[PDB]
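**Student:** Below you'll find the structure I mean.
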Ligand SMILES: [Br-]
């Protein structure tokens, strides 16, 4: 049934595809030690630099020991080869129910009581990562990497291994839907506040049911609006005055003017 193994043989690869990217292919896995299914994701190694390659060798060990209700479990990482393609396999907790992006497409408008519930859980996980020693910065938090455990269940934060491959200082092709980014990401100088900006945009997408800066055609058009202080058109479509007020304080142009995770958890909306 398998088409791969984890060298030590703790988990094996199957020929069942779930997700796809420009560098990633997600297949089903199975832990032999705990008899539980996992996510086998191959990452083409040839595309990765030596500077980012040695990071994976060090970051993975730290990600292994992390345990949190709102964090997708990281198990192992190693370099792999199939036929003539070099790759790196990330093995993580399997998420079958999907993401927030698929939920927002499936159910259009999201309810207020479930929005409060999930956003709090995102902040619970974000606080966890920042309170680690040394602190962990997500860098690339978006709606399609916040995974649901069920249709009613809690949310978990994923793509932690993929986070170091965000490549903000890198030039990428103009294809598909352009991704928004924090003002200080383009300069590689960032901290905890970069995840707050990402959260504010995530809550915006959860409330308005649409992708921010959709009026723009390319990423450069988004850059001009983000760096100058021009907010997305969807921001005005927020019905709830309280939710809009929280978003506004998270998507500030200056990183020093943004709310802290502590402030958002202590906020009246999140009880
Ligand atoms: Br990952």
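**Student:** For region 16-59, enumerate the residues that are over 21 Å from the mean Cα position of the chain (by Cα), over 16 Å from residue 85 (Cα atoms) and in a helix (DSSP H, G or I).
**Tutor:** Matches in region 16-59: 50, 51, 54.
**Student:** So how many residues does region 82-131 have that are in a loop (DSSP other than H, G, I, E, B), in contact (Cβ under 8 Å) with a residue 12 or more places away in the chain and more than 19 Å from the chain's Cα centre (by Cα)?
**Tutor:** Of region 82-131, the ones in a loop (DSSP other than H, G, I, E, B) are 83-84, 94-98, 107-111, 131.
If we keep only those that are in contact (Cβ under 8 Å) with a residue 12 or more places away in the chain too, we end up with 94-95, 97-98, 108-110.
Cutting the leftovers down to more than 19 Å from the chain's Cα centre (by Cα) gives us 108-110.
Adding up the residues that qualify gives 3.
**Student:** For region 91-116, give me each residue that is over 26 Å from residue 77 (Cβ atoms) and surrounded by 13 or more Cβ atoms within 10 Å (Cβ to Cβ).
**Tutor:** To start, the set of residues in region 91-116 that are over 26 Å from residue 77 (Cβ atoms) comprises 103-116.
Scanning region 91-116 gives 103, 104, 110, 112, 114, 115, 116.
**Student:** State all residues of region 7-23 that are in contact (Cβ under 8 Å) with a residue 24 or more places away in the chain and touching a helix residue (DSSP H, G or I) at 6+ places or on another chain (Cβ under 9 Å); if no residue qualifies, say none.
**Tutor:** Within region 7-23, just 23 meets the criteria.
**Student:** So which of 102, 81, 92 is away from the ligand (no atom under 11 Å from the Cβ) and either closer than 23 Å to residue 142 by Cα or out of contact with any strand residue (DSSP E or B) (no Cβ under 8 Å at 6 or more places or on another chain) (or both)? Let's see the steps before the verdict.
**Tutor:** On the way: 81 fails: either closer than 23 Å to residue 142 by Cα or out of contact with any strand residue (DSSP E or B) (no Cβ under 8 Å at 6 or more places or on another chain) (or both); 92 fails: away from the ligand (no atom under 11 Å from the Cβ).
The match here is 102.
**Student:** Right, another one. Scanning region 157-181 for residues that are within 22 Å of residue 127 (Cα to Cα) and without any contact (Cβ under 8 Å) to a residue 40 or more places away in the chain, which turns out nearest to the ligand (Cβ to nearest atom)?
**Tutor:** 163
**Student:** Oh, and also: Out of 184, 205, I need the residue that is in the same structural domain as residue 127 (by CATH), touching a helix residue (DSSP H, G or I) at 6+ places or on another chain (Cβ under 8 Å), surrounded by 13 or more Cβ atoms within 10 Å (Cβ to Cβ) and over 30 Å from residue 50 (Cβ atoms). Which one? Outline the logic, then answer.
**Tutor:** Details: 184 fails: over 30 Å from residue 50 (Cβ atoms).
Result of the check over 184, 205: 205.
**Student:** Being touching a residue at least 24 places away in the same chain (Cβ under 8 Å), within 19 Å of the chain's Cα centre (by Cα) and more than 27 Å from residue 25 (Cα to Cα) narrows it down to one of 205, 184, 210, so name that one. Step through it out loud before you land on a result.
**Tutor:** Working: 205 fails: more than 27 Å from residue 25 (Cα to Cα); 210 fails: more than 27 Å from residue 25 (Cα to Cα).
That would be 184, the only listed residue that is touching a residue at least 24 places away in the same chain (Cβ under 8 Å), within 19 Å of the chain's Cα centre (by Cα) and more than 27 Å from residue 25 (Cα to Cα).
**Student:** Could you please find all residues in region 24-61 being touching a residue at least 40 places away in the same chain (Cβ under 8 Å) and within 13 Å of the ligand (Cβ to nearest atom)?
**Tutor:** Result: 24, 29, 38, 39, 40, 41, 42, 43, 56, 59, 60.
**Student:** Let me ask something additional. State yes or no: is residue 69 under 18 Å from the mean Cα position of the chain (by Cα), assigned to a loop (DSSP other than H, G, I, E, B), away from the ligand (no atom under 15 Å from the Cβ) and assigned by CATH to the domain that holds residue 56? Please lay out each step first, then the result.
**Tutor:** Working: under 18 Å from the mean Cα position of the chain (by Cα): yes; assigned to a loop (DSSP other than H, G, I, E, B): yes; away from the ligand (no atom under 15 Å from the Cβ): yes; assigned by CATH to the domain that holds residue 56: yes.
Answer is yes for this residue.
**Student:** Residues of region 57-74 being touching a helix residue (DSSP H, G or I) at 6+ places or on another chain (Cβ under 7 Å) and within 18 Å of residue 165 (Cβ to Cβ), which ones?
**Tutor:** Residues of region 57-74 that are touching a helix residue (DSSP H, G or I) at 6+ places or on another chain (Cβ under 7 Å), as a first pass: 59, 68, 70-71, 74.
Correct list: 59, 74.
As a convention, Cβ positions derive from the backbone with ideal geometry for all residues, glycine included, and neighbour counts pool all protein chains shown. What is reported rests on the model, the rules as stated and the sources as named; nothing here is a laboratory result.
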